[PDB]
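So this one's two forms of a single chain, laid out as structure tokens and tagged structure 1 and structure 2.
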Structure 1
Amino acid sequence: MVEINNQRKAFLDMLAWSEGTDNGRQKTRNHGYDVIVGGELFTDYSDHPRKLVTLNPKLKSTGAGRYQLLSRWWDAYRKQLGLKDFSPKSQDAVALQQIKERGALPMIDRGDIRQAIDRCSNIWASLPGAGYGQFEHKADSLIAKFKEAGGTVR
């Protein structure tokens, strides 16, 4: 399993905030860990809710959990990591594993958050990529949230 440390935890909190699952606005009984794309909540943590939500006549998504994990990616990782449920710890595990695969861990650990965000933009829709126009602006908000979660930026 990818180890959790203060920098990584702060990154996961920034991410939960960015994705809108744990931002003090969206309703939740457990820090966004029970949020289904669209805003509904689930209570059974034995598996991904797998509820297909139509966000509009031309947009569907199965994102669920604190990091809005798609069901197809959940299946891949649950098998790969040997996870027995979709509990908060399992959700953190998958997110960290995806961050690991993108080579972002060293960046997070050392405080190069702007780079970590860019590297992870291909996984999470709320994160901007560096070539996009609004990056500098969005990264400031993200960096601020990262800092208040206790992370240290370089």
Structure 2
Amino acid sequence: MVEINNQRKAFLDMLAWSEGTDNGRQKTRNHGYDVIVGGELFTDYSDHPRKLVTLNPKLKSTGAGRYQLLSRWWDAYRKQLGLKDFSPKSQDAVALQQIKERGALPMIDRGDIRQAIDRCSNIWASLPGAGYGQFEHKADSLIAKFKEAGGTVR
């Protein structure tokens, strides 16, 4: 289980917004922690909502929780990290493990957020360079939200 410092807490929020779960527009009972992709919400946190949301006629997603974690990885990480519930706690746990895996923790820790975002581009589609054909936020606007999550850059 990864230690949460503020750079990481911010990379998370930045992701929550990039991902649009904690972006102010999206309705939510917690902070995107109950947000399912597509916008609907879940109220039971003992586990991932595992709700397959049909976004458009040609595309679907399991992405849920703050960092729009595909359930695939949720299972991977909750088992890897012995996460009991899908509490926001467990949701962060995962986000950070992936982040750590992208070897972007030293980057997040040290503010090389473009480098982290680009390093984490394969983790979240809303990030630039991700290449998931999803709406990719300009790197500049992610850095921006990140900064407003409390994160520090450069």
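Numbering for residues begins at 1 and runs along the sequence of structure 1. Shifts are known only where both forms have a C-alpha. Only the largest set of C-alpha atoms that superpose within 1.5 Å between the two forms is called the rigid core.
After superposing the rigid core, the Cα of residue 25 is displaced by less than 2 Å between the two structures. Superposing the rigid core and comparing between the two structures gives a CA shift of 12.0 Å at residue 133. Core superposition places the Cα of residue 92 0.3 Å apart between the two structures.
Note on residue 148: its Cα is shifted 1.7 Å between the two structures, core used for superposition.
Shifted segments between the two structures, defined as at least 3 consecutive common residues whose CA atoms all move 2 Å or more after rigid-core fitting, occur once only, at 130-137.
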